[PDB]
Amino acid sequence: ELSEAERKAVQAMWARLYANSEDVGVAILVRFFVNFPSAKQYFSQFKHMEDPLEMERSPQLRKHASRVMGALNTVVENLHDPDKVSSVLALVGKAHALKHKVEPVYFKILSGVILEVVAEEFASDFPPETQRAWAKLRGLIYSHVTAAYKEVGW
Ligand code: HEM
């Protein structure tokens, strides 16, 4: 789990992100789909879309952006309550394993894009203590999502 200082570091960072949650979520996903075109295969309204301006304006992209940011928000705000973070990430993990059939490695890829976007957009607020805290959060997400895939015999 995150230590108290790490949790505080992650929540303070996340608050800055979430002040324009909508735009940050979308910028993250556009970068994800441009840089990893294979990930678009799970999205019916944009699986063959290439123009990043259209991706930015895509209703189904912006919707998934809103749901990624909201589920992340739930995890970050409730990091002091580890049963809640377990709860949320299971539900996500399973859902993506079973309904959406997404290869679990795409979570690792998306997290790397999330890191790249955070490092760019909020660099002057991203000291090493915070970078390390954020990296623990990423590990936490990937291990919990990865355990949920194993749980239903992926
Ligand atoms: C931090 C990681 C992610 C979070 C928190 C997240 C969150 C969500 C949530 C809350 C939903 C709506 C409920 C549901 O139908 O499951 C959703 C839908 C979906 N997600 Fe994710 N997601 C993540 C990563 C991914 C990745 C990497 C992919 C595939 C590359 C993906 C593919 C989908 C698809 C195909 C849907 C259905 C969208 C639709 O109904 O049009 N997600 N996501």
Side-chain angles (χ1 to χ4, degrees), residues 1-2 6-7 9-11 13-52 54-79 81-122 126 130-131 133-154:
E1 51 170 11
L2 271 63
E6 286 164 356
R7 177 160 77 266
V10 166
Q11 291 172 337
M13 172 69 236
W14 182 255
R16 297 183 135 70
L17 282 228
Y18 214 75
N20 24 267
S21 182
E22 327 210 21
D23 285 17
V24 158
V26 173
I28 285 170
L29 283 186
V30 166
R31 184 159 306 176
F32 178 58
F33 293 120
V34 171
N35 286 351
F36 303 95
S38 61
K40 305 184 300 207
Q41 69 183 94
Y42 308 107
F43 288 94
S44 49
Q45 300 318 304
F46 69 88
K47 56 176 167 247
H48 296 141
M49 182 176 294
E50 301 275 319
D51 194 349
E54 291 195 322
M55 288 179 191
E56 198 178 40
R57 294 180 236 196
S58 171
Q60 175 184 56
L61 176 274
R62 293 174 72 80
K63 181 232 239 143
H64 185 251
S66 199
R67 288 295 233 128
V68 166
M69 295 304 279
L72 289 188
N73 182 66
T74 290
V75 170
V76 174
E77 293 322 277
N78 302 103
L79 276 164
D81 185 359
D83 289 37
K84 233 296 169 167
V85 314
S86 242
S87 182
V88 180
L89 290 175
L91 253 341
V92 169
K94 206 135 56 228
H96 280 86
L98 282 195
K99 304 180 137 153
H100 312 318
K101 293 177 232 174
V102 170
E103 257 142 48
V105 75
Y106 290 101
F107 281 86
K108 166 168 164 174
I109 298 169
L110 179 57
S111 281
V113 176
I114 289 169
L115 173 49
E116 188 172 80
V117 171
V118 168
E120 285 173 17
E121 267 246 310
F122 305 87
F126 208 44
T130 291
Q131 286 165 34
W134 193 266
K136 299 317 202 198
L137 171 66
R138 168 177 188 182
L140 196 156
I141 287 154
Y142 194 46
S143 54
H144 281 237
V145 165
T146 276
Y149 272 66
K150 278 277 140 46
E151 182 163 331
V152 195
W154 171 268

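Counting starts at 1 for both ligands and their atoms, following the listed order. Quick note: residue numbers are just sequence positions, from 1.
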Ionic contact status for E77 with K84, cut-off 4.0 Å
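Result for this pair is no, no salt bridge flagged.
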Any ion pair linking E116 and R31 (charged N to carboxylate O, less than 4.0 Å)?
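Answer for the salt bridge query: yes.
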What is the closest protein heavy atom to [atom], and at what distance does it sit?
atom                    : answer
atom 38 (C) of ligand 1 : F43 CE2, 4.2 Å
atom 3 (C) of ligand 1  : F107 CE2, 3.7 Å
atom 40 (O) of ligand 1 : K63 NZ, 4.0 Å
atom 11 (C) of ligand 1 : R67 CB, 4.0 Å
atom 4 (C) of ligand 1  : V68 CG2, 3.7 Å

Identify the residue among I141, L140, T146 that makes a side chain to side chain contact (heavy atoms under 4.5 Å, CB included) with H144.
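Exactly one candidate clears the test, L140.
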Let's go through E121 and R16 carefully: what are the C-alpha distance in whole Å and the side-chain angles of both, what is the deciding distance for salt bridge (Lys or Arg N to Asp or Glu O under 4.0 Å) to 0.1 Å, and is it a yes or a no?
CA-CA 10 Å; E121 267 246 310; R16 297 183 135 70; over 6 Å; no
What distance do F46 atom CZ and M55 atom CE have between them, rounded to the nearest 0.5 Å?
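Reported to 0.5 Å precision, the distance equals 7.5 Å.
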How many angstroms lie between atom CD of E56 and atom CG of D23, to the nearest 0.5 angstrom?
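Between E56 CD and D23 CG, I get 8.0 Å after rounding to 0.5 Å.
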Taking only non-hydrogen atoms of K99, do any sit less than 4.0 angstrom from ligand 1?
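Distance cut 4.0 Å: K99 fails for ligand 1.
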Would one find an N or O of [X], backbone or side chain, under 3.5 Å from an N or O of ligand 1?
X    : value
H96  : yes
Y106 : no
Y42  : no

Under 6.0 Å between ring centres: does that hold for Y42 and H96?
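Ring centroids of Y42 and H96 are no less than 6.0 Å from each other.
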Can you list the ligand 1 atoms lying under 4.0 Å from a non-hydrogen atom of [X]?
X    : answer
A95  : 16 (O)
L110 : 2 (C), 24 (C)
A71  : 5 (C)

Can you tell me if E6 uses its side chain to pair, donor with acceptor, with the backbone of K136 under 3.5 Å?
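Flag not set: sc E6 to bb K136 has no pair under 3.5 Å.
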Of all heavy-atom pairs between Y149 and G93, which one has the smallest distance, and what is that distance?
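Nearest pair, atom of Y149 first, then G93: CE1-O, 3.1 Å.
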Of the non-hydrogen atoms in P82 and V85, which two are nearest, and what is the gap between them?
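Taking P82 first and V85 second, the nearest heavy atoms are O-CG2, 3.3 Å.
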Atom of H64 nearest atom 21 (Fe) of ligand 1 (restricted to N/O/S, atom name only)
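The closest N, O or S atom of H64 to atom 21 (Fe) of ligand 1 is NE2.
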Give the contacting part of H100 toward ligand 1: side chain, backbone, both or neither, where contact means a heavy-atom distance below 4.0 Å.
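Near ligand 1, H100 shows its side chain, while the N, CA, C and O stay back.
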Relative to ligand 1, is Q60 under 4.0 angstrom through side chain, backbone, both or neither, heavy atoms considered?
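Under 4.0 Å from ligand 1, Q60 contributes side-chain atoms alone.
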